[PDB]
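See below for the structure under consideration.
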Ligand SMILES: C[C@@H]1CC[C@@]2(OC1)O[C@H]1C[C@H]3[C@@H]4CC=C5C[C@@H](OCCC(CO)CO)CC[C@]5(C)[C@H]4CC[C@]3(C)[C@H]1[C@@H]2C
Ligand SMILES: C[C@@H]1CC[C@@]2(OC1)O[C@H]1C[C@H]3[C@@H]4CC=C5C[C@@H](OCCC(CO)CO)CC[C@]5(C)[C@H]4CC[C@]3(C)[C@H]1[C@@H]2C
Ligand SMILES: C[C@@H]1CC[C@@]2(OC1)O[C@H]1C[C@H]3[C@@H]4CC=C5C[C@@H](OCCC(CO)CO)CC[C@]5(C)[C@H]4CC[C@]3(C)[C@H]1[C@@H]2C
Ligand SMILES: C[C@@H]1CC[C@@]2(OC1)O[C@H]1C[C@H]3[C@@H]4CC=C5C[C@@H](OCCC(CO)CO)CC[C@]5(C)[C@H]4CC[C@]3(C)[C@H]1[C@@H]2C
Ligand SMILES: C[C@@H]1CC[C@@]2(OC1)O[C@H]1C[C@H]3[C@@H]4CC=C5C[C@@H](OCCC(CO)CO)CC[C@]5(C)[C@H]4CC[C@]3(C)[C@H]1[C@@H]2C
Ligand SMILES: C[C@@H]1CC[C@@]2(OC1)O[C@H]1C[C@H]3[C@@H]4CC=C5C[C@@H](OCCC(CO)CO)CC[C@]5(C)[C@H]4CC[C@]3(C)[C@H]1[C@@H]2C
Ligand SMILES: C[C@@H]1CC[C@@]2(OC1)O[C@H]1C[C@H]3[C@@H]4CC=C5C[C@@H](OCCC(CO)CO)CC[C@]5(C)[C@H]4CC[C@]3(C)[C@H]1[C@@H]2C
Ligand SMILES: C[C@@H]1CC[C@@]2(OC1)O[C@H]1C[C@H]3[C@@H]4CC=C5C[C@@H](OCCC(CO)CO)CC[C@]5(C)[C@H]4CC[C@]3(C)[C@H]1[C@@H]2C
Ligand SMILES: Nc1ncnc2c1ncn2[C@@H]1O[C@H](COP(=O)(O)OP(=O)(O)NP(=O)(O)O)[C@@H](O)[C@H]1O
Ligand SMILES: CCCCCCCCCCCCCCCC(=O)O
Ligand SMILES: [Mg+2]
């Protein structure tokens, strides 16, 4: 019933033109696409079939290698599998290359006809028409057959990829444990993600490995047959283009490295900025972080400027290579005494363009892709050859075999380690007896769990595992999918047993709270689940399996204790009355009701024992370029672009003019050929050389200027955004995840620094080239303007009618790439249960289904891309037809030069248009980074850091803070946390504030700190908080928070980032915190490097450095926010003593809920309804004659 692939019933014509894809677009144009408008993968392309056939090939290869005692080669298997299906595409590649080379010959023939133009000779006209028809027939063959063949090549690559992914998943299912000892799940996921991806690219260019050279050779021959030895010179510089380009890349690569580290450091520091944004804000350390990040950004910007200059030079050289080659070869041609003509020059130009495109783009990319594919295949081969677990012997006919006995088996997980890790495995569990092994984390519990051939193949001893085994992992796991699949695990829909097990597990309430029930799919990354639910579903799966050996492992620990007891009573006593029920227990009641007890000692046990014993508008472009540079520079840049394109075209135009003038000179010299007037080679050669030099210079200048202005725009935008976010209020950080901001600062800026300038420059270059070709065609033949207007218009519509669909399918592809990997990870996470249930084929089928869906997405993406390419290339071919045939129509008003030039540029148009449209789409969809960047640059700010009031230095003279009608309001439009606060705090008063749990306390401290908006009256030392700049209040305000976060870098910055305190004071402070000896032994000393967030430093040391910073602040009044809430008692008491004596002169405010912190405080503010009607002291009510103090006194002492 699933919609079959329409390609199955499509004829040859529809397949060539991708006509059958039309309905999908008609759907896509109307509504957003989904996975139900999909197309099923062809039956021969399903993951299972490719996996099976490649497994057969690989096994045959391995057997052959073992026969002759050789190392098996994965590449040999791949070749032996796919050479038959690839040689046909190679043959077609030969055909396409032959057509591409042969087209310029007919171009020369038609130009020759134009050269010998006799209007009366109709036979010449007919021959010219035939040559034009052959030329356009070859052009059409290229135009459409190339796209069909490209789709088939990409499909072959996708087939290789899907087969390799199936291979990897199957091996991972059979993969061993010394693999986990050596490799990690991350490595396997990386193999499945990146290493296999290369196979989807190499096959694109693989045939060029033989097509590239051969074609070039043929081209060379052709060129000789037209211009002789001169051609060699041109080829020479083309060959010179190969190593130097590579050389550039090497330097580029080096520069890339020197950027990345800086960038990494940059982002790392900024992570510490975003993660501890509140800490930085209340510490007034924004300036130091800003300076550090600015230095890092400046170094990175210098490096990327160098890299972009090199890249622009390379791009301009690639763009001007054709002009360089043509100029060199025809200069050598001219000084060799030969005379130029339009036919020969334009034949040489076209051949040189084609062979240069091939050699400089397809061949190097082909070589690089082949090398990458070889590397990935080597890695996959190493993974496959990795040893797997010995195949567990198939369960022999259980002739009353439900008895397990291990006779003092001794083996270790790491047999290399001769230490007796696991030994004395001597036990016997009979049918119906449950061995509730007990012991406090006695090393060896996993072995008892792994007693059913986990990793304990009997080296010396006996193992009698017989029957079906149900196993529960230490961490219960569920794969992505519906619950029904987990419960069944391939068993039949036994509805009676299903309802019995679902009611036995007491999952009815879970289903009721669940929005859909047993049909519910696993939530996003398993978020909508809990450990208790996972344990319950694992138990339900095991009980529904109805195996013989029920091997459990702490299933009832995860679920609540009482519910665990209900499940034990309902299941173990009744359901598991007659089962093999070995279970490791941590609760006494479980082994109290056990049938067999076992006290386990490390290694050998002591004894058995008994229990008793998104479309970006023009505004984005305008803002981006305005941030770029002044509009005068923009005008200069567009003028430079126009000049570069004009010179590029006028070089060939001057060649044509030379040819035409020489033709007229030859006509004149034919009558009376005795003077033999020679055209002045000095004048023409000098003009030609000047034109090509101007082309090179303008191309280089334009590339460099575009790169410079775009990188400057990126730098300015980054600086503006950083300044904006550093001035953003905390509410913005609360309303946005840290990961989101880090992603915006990392990926978008990386785009704007690496890809956006390159892509924009390439798009501008190729668009200018296309406009140049169109303008040449129009200028040579004005009438071509008449049919050009509809054509382009059609294109525009086509673009829309494609883009509105393409994005959708692109999205689909992404949304189907993620699940596959996850399944593998899940298959790796719960692999133990998979081997326990002998259900490897089920997970294999699940993986095949997932990856078949992904193959549907890939097939749709490939097909829609090819459809758009076919239509637009048909537009190009129609344009070429128009140019050539209109030229033949108006042959009475044209010369050789202009027709040659126009036809050559029309021939060039195709690939240029392809690249221009693709680059335009890339730029458009990739400017969303710029749009988000701009949105970030225009977020709401707060009060300026520095005001103009400038309160006098040492402003907290007495620290008399007065509150008057403080109605704090947290978030605009949100709830009002605090109202009418009139606290009257005097100088040198230790107030142990308390109330409203922790939310009200946090609101109060934020309001006091001006961190939020303090709606109320605050006289901090008789000065309003409003009339003080933010930073000015921030500095002289000491606070020790609950979280002592540390920043990577040097110690000295951590104690003093602004570096205004002499080292002796730092040593005195370190002595006060009793850490002088701790830093003295550190090799880095004051310049000590710190691990990620001070990992090596302990939490006690973190609070120590925090209170050392507080000491260095020397602020008269201090805030303490739950310093010793969950810290070790030794650190608790040392910190308490530090506050007691080292802060005996400061008006501290202890904002914490801890009893010890508040008892010492002389004053505690009592608030009821915000109005203190009873003007008294707490001491008259501290003797439990109130409500709250009664609670603390009774409960907590
Ligand atoms: C990539 C490089 C581009 C430049 C270059 O190498 C390859 O291109 C080659 C062409 C060679 C010349 C070809 C023919 C003649 C024959 C004779 O003069 C004509 C006599 C006349 C009688 O009727 C014809 O037979 C004298 C020698 C001369 C001029 C050659 C000299 C070397 C030249 C210039 C070579 C030069 C170094
Ligand atoms: C990538 C590389 C860039 C450099 C380069 O190759 C390709 O560019 C080529 C240009 C060649 C010269 C062109 C013309 C002639 C004249 C000829 O005789 C003329 C005599 C007299 C009456 O005929 C003239 O009025 C002798 C040979 C000479 C000087 C060539 C030498 C090789 C040169 C320098 C080649 C050089 C190695
Ligand atoms: C900043 C921008 C730089 C480019 C540009 O704008 C400004 O500068 C302009 C100069 C123009 C050229 C001036 C002279 C001629 C010669 C003539 O050829 C007749 C041959 C024969 C016929 O009988 C004579 O007897 C016509 C063509 C050509 C090359 C012009 C082409 C267009 C050009 C390149 C314009 C171009 C748009
Ligand atoms: C943008 C770039 C700069 C301009 C340019 O390239 C593009 O545009 C081209 C226009 C060309 C000229 C057009 C017409 C004539 C015909 C005839 O006029 C003899 C007059 C003389 C004797 O009677 C009077 O004393 C001789 C040739 C001449 C002047 C051309 C020369 C080359 C020129 C200047 C080219 C020049 C390099
Ligand atoms: C942007 C870059 C600036 C430098 C540059 O590239 C572009 O600018 C180009 C201009 C070229 C000259 C143009 C005209 C002539 C006159 C000719 O003789 C005339 C004789 C008689 C007419 O028949 C006089 O009435 C001899 C050659 C010469 C001087 C050219 C030499 C090369 C030059 C200098 C080129 C140079 C490499
Ligand atoms: C945005 C882009 C800026 C650059 C650019 O595109 C747009 O601006 C265009 C101006 C074009 C020239 C205009 C006129 C002519 C004369 C004509 O020759 C005789 C014609 C007729 C006489 O009877 C029939 O033969 C053909 C050649 C030439 C020089 C054009 C060359 C291409 C040029 C340089 C184009 C160039 C690529
Ligand atoms: C980017 C844009 C692409 C299009 C375009 O701009 C740039 O490219 C320019 C080239 C121009 C042509 C150059 C030479 C001539 C020869 C002249 O000879 C008159 C002889 C006699 C009989 O008419 C007079 O009575 C007639 C006019 C013509 C064909 C021009 C037409 C306009 C054209 C097509 C321009 C057009 C607007
Ligand atoms: C070279 C090839 C020629 C044929 C073709 O590919 C390229 O050209 C494409 C253009 C597409 C149409 C664009 C817009 C509309 C919108 C809406 O109707 C609006 C009607 C209204 C417009 O002014 C008044 O008429 C319904 C869909 C429709 C007609 C598209 C249908 C598919 C078409 C015909 C495509 C077709 C396969
Ligand atoms: N992968 C392994 N590599 C080496 N030794 C292993 C491995 N797995 C198990 N062992 C051996 O078995 C012990 C496993 O520790 P153990 O405390 O039994 O884990 P557990 O069964 O997960 N216990 P718990 O999670 O506390 O209920 C090790 O200390 C080794 O003696
Ligand atoms: C002359 C060749 C131009 C090719 C470069 C692409 C030009 C695109 C012109 C249309 C701009 C976008 C119009 C709306 C469609 C969209 O949202 O992409
Ligand atoms: Mg254990």
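Computed from the coordinates by the stated procedures, all read-outs in this text should not be read as laboratory data. Don't worry about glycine lacking a Cβ; one is built from the backbone with ideal geometry, like all the others, and counts go over all protein chains shown.
Using only Cα atoms, what is the ratio of the radius of gyration of region 900-1020 to 2.2 N^0.38 Å? Could the numbers behind the result be given before it?
Details: Rg = 29.4 Å, N = 121, 2.2 N^0.38 = 13.6 Å.
After normalising by residue count via 2.2 N^0.38 Å, the value is 2.16.
Report the extension gain between residue 838 and residue 964 in nm, rounded to one decimal, defined as 0.36 nm multiplied by the number of residues separating them, less their alpha carbon distance. Intermediate values should be presented prior to the final figure.
Numbers: separation 126, 0.36 × 126 = 45.36 nm, distance 7.30 nm.
The span from residue 838 to residue 964 would gain 38.1 nm if fully extended.
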Burial-style ranking of 719-725, 788-794, average other-beta-carbon count within 10 Å with highest first, yields 719-725, 788-794
Roughly how many nanometres apart are two label points built 7 Å out from the Cα toward the Cβ at residue 268 and residue 693?
5.1 nm
For region 216-264, what is Rg from Cα atoms divided by 2.2 N^0.38 Å, rounded to two decimals?
1.88
Rg to Rh ratio, region 788-920, alpha-carbon atoms and Kirkwood radius?
1.32
Report the label-to-label distance for residue 482 and residue 76 in nanometres (one decimal), using points 7 Å from each Cα along the Cα→Cβ vector.
4.7 nm
Region 444-493 - Rg (one decimal) and Dmax (whole number), Cα, Å:
14.7, 44
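Where the eigenvalues come from the Cα gyration tensor of region 337-437, what are the semi-axes √(5λ) of the equivalent ellipsoid, largest first, in whole Å?
Details: eigenvalues 1148, 64, 17 Å².
Working through the eigenvalues yields semi-axes of 76, 18, 9 Å.
Can you pull the Kirkwood radius for region 886-938, inverse mean 1/r over Cα pairs, to one decimal in Å?
Details: mean 1/r = 0.0687 Å⁻¹.
Evaluated on region 886-938, it is 14.6 Å.
Based on other C-beta atoms within 10 Å, arrange 856, 499 from fewest to most. Write out the running numbers ahead of the final one.
Working: 856 20, 499 11.
Exposure proxy ranking, most exposed first: 499, 856.
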Can you give the Rg to Rh ratio of region 149-289, both from alpha-carbon atoms, with Rh computed by the Kirkwood formula?
1.21
Rounded to the nearest 500, the 222 nm mean residue ellipticity computed for the chain from DSSP H runs (n ≥ 4, each -39500 (n - 2.57)) alone is -19500 deg cm²/dmol
Which whole number of Å³ per residue matches the convex hull of the alpha-carbon atoms in region 181-239?
111 Å³
How far apart, in nanometres, would the label points at residue 408 and residue 306 be if each is projected 7 angstrom from Cα along the Cα-to-Cβ direction?
7.2 nm
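Please work out the FRET efficiency for the pair residue 1015 and residue 950, using the Cβ-Cβ distance as r and a Förster radius of 25 Å; give the result to the nearest 0.05.
Details: r = 25 Å, r/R0 = 1.00.
Taking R0 as 25 Å, the efficiency between residue 1015 and residue 950 is 0.50.
Å³ per residue of the Cα convex hull, for region 624-689? Write down the numbers at each step before the final one.
Values: hull volume 5.4 nm³, N = 66.
That works out to 82 Å³ per residue.
Kindly state, to the nearest 0.05, the FRET efficiency for residue 1045 paired with residue 518, given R0 = 56 Å and r defined as their beta-carbon distance.
0.80
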Hull surface over four for the Cα convex hull of region 228-374, reported in nm², is 12.9 nm²
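Normalised radius of gyration for region 423-462, please: alpha carbon Rg relative to 2.2 N^0.38 Å, two decimal places. Don't jump to the answer; show the numbers that get you there.
Working: Rg = 11.1 Å, N = 40, 2.2 N^0.38 = 8.9 Å.
For region 423-462, the normalised Cα radius of gyration is 1.24.
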Mind putting together the pair-distance distribution for region 631-737? All Cα pairs, 10 Å bins, whole percent per bin, short to long.
12, 23, 18, 15, 12, 8, 6, 4, 2, 0
P(r) of the chain over all Cα-Cα pairs, binned every 10 Å from zero, in whole percent:
1, 7, 12, 14, 15, 15, 14, 10, 6, 3, 1, 0, 0, 0
Distance from a point 7 Å along Cα→Cβ of residue 528 to each backbone N in region 468-484: keep the residues under 18 Å and list them by number.
478-484
Order 359-368, 1054-1063 from most to least packed using the mean count of other Cβ atoms within 10 Å.
359-368, 1054-1063
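Considering all alpha-carbon pairs of region 959-1026, what whole percent are spaced by more than 19 angstrom?
Values: 640 of 2278 pairs.
Distances greater than 19 Å cover 28 percent of the Cα pairs.
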If you find the alpha carbon centre of region 531-548 and of region 753-829, how far apart are they in angstrom?
52 Å
If you bin the C-alpha pair distances of region 115-197 every 10 Å from 0, what whole percents do you get?
14, 23, 15, 12, 11, 10, 8, 6, 2
Apply the Kirkwood formula to region 1042-1197: the hydrodynamic radius equals the inverse of the mean of 1/r over all pairs of different alpha-carbon atoms; give it in Å with one decimal.
17.9 Å
Rounded to a whole number of µm²/s, how large is the Stokes-Einstein D of region 474-539 at 20 °C and 1.002 mPa s, given Rh as the Kirkwood radius over C-alpha pairs?
175 µm²/s
Quick one: Debye curve from the C-alpha atoms of region 788-828, no solvent, what's log10 I(q)/I(0) at q = 0.17, 0.23, 0.30 Å⁻¹?
-0.60, -0.75, -0.90
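Can you figure out the FRET efficiency of residue 604 with residue 1171, using R₀ = 60 Å and their beta-carbon distance, to the nearest 0.05? Don't skip to the end; give the middle numbers.
Values: r = 73 Å, r/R0 = 1.22.
Using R0 = 60 Å, I get an efficiency of 0.25.
What value does region 722-771 have for Rg/Rh, both radii from Cα atoms and Rh as Kirkwood defines it?
Looking at region 722-771, the ratio lands at 1.27.
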Does anything in region 70-94 have its amide N under 18 Å from the 7 Å Cα→Cβ label point of residue 214, and if so which residues?
83-94
I'd like the distance between the alpha-carbon centres of region 707-725 and region 40-63, rounded to an integer number of Å.
51 Å
Semi-axes of the equivalent ellipsoid of region 1124-1197: what are they in whole Å, largest first, if each equals the square root of 5 times a C-alpha gyration tensor eigenvalue?
26, 17, 10
Under 15 Å by backbone N from the virtual spin label 7 Å along Cα-to-Cβ at residue 492, the residues of region 822-850 are none
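For region 495-635, which semi-axes, largest first and in whole Å, follow from the square roots of 5 times the eigenvalues of its Cα gyration tensor?
Working through the eigenvalues yields semi-axes of 57, 23, 12 Å.
Taking every DSSP beta bridge that has both residues in the chain, what percent is antiparallel when rounded to the nearest 5? Don't jump to the answer; show the numbers that get you there.
Values: 16 of 37 bridges.
DSSP beta bridges in the chain are roughly 45 percent antiparallel.
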For residue 643 and residue 676 in the same chain, what is the full-extension length gain: residue separation times 0.36 nm, less their Cα-Cα distance, in nm?
8.1 nm
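Note the per residue figure in Å³ for the convex hull of the C-alpha positions in region 689-798. Write down the numbers at each step before the final one.
Values: hull volume 16.1 nm³, N = 110.
Convex hull of Cα atoms, per residue: 146 Å³.
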Distant alpha-carbon pairs in region 573-666 (separation over 22 angstrom), percent
68 percent
If you take all C-alpha pairs in region 742-847, what percent of them are over 18 Å apart?
76 percent
Would you mind pulling out the separation of the Cα centroids of region 975-1035 and region 96-157, in Å?
83 Å
Once you treat every alpha carbon in region 432-525 as an equal point and sum by Debye, what is log10 I(q)/I(0) at q = 0.13, 0.20 Å⁻¹?
-0.71, -1.13
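Determine, for each peptide in 1072-1085, 500-513, 1109-1122, 892-905, the mean count of other beta carbons within 10 angstrom over its residues, then list the peptides with the highest first. Show your work: numbers first, answer last.
Working: 1072-1085: 13.2, 500-513: 15.2, 1109-1122: 19.8, 892-905: 22.3.
By packing density, highest mean first, the sequence is 892-905, 1109-1122, 500-513, 1072-1085.
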What is the log10 of I(q)/I(0) for region 383-456, computed with the Debye formula using one identical point scatterer on each Cα and no solvent, at q = 0.12, 0.18, 0.19 Å⁻¹?
-0.45, -0.93, -1.00
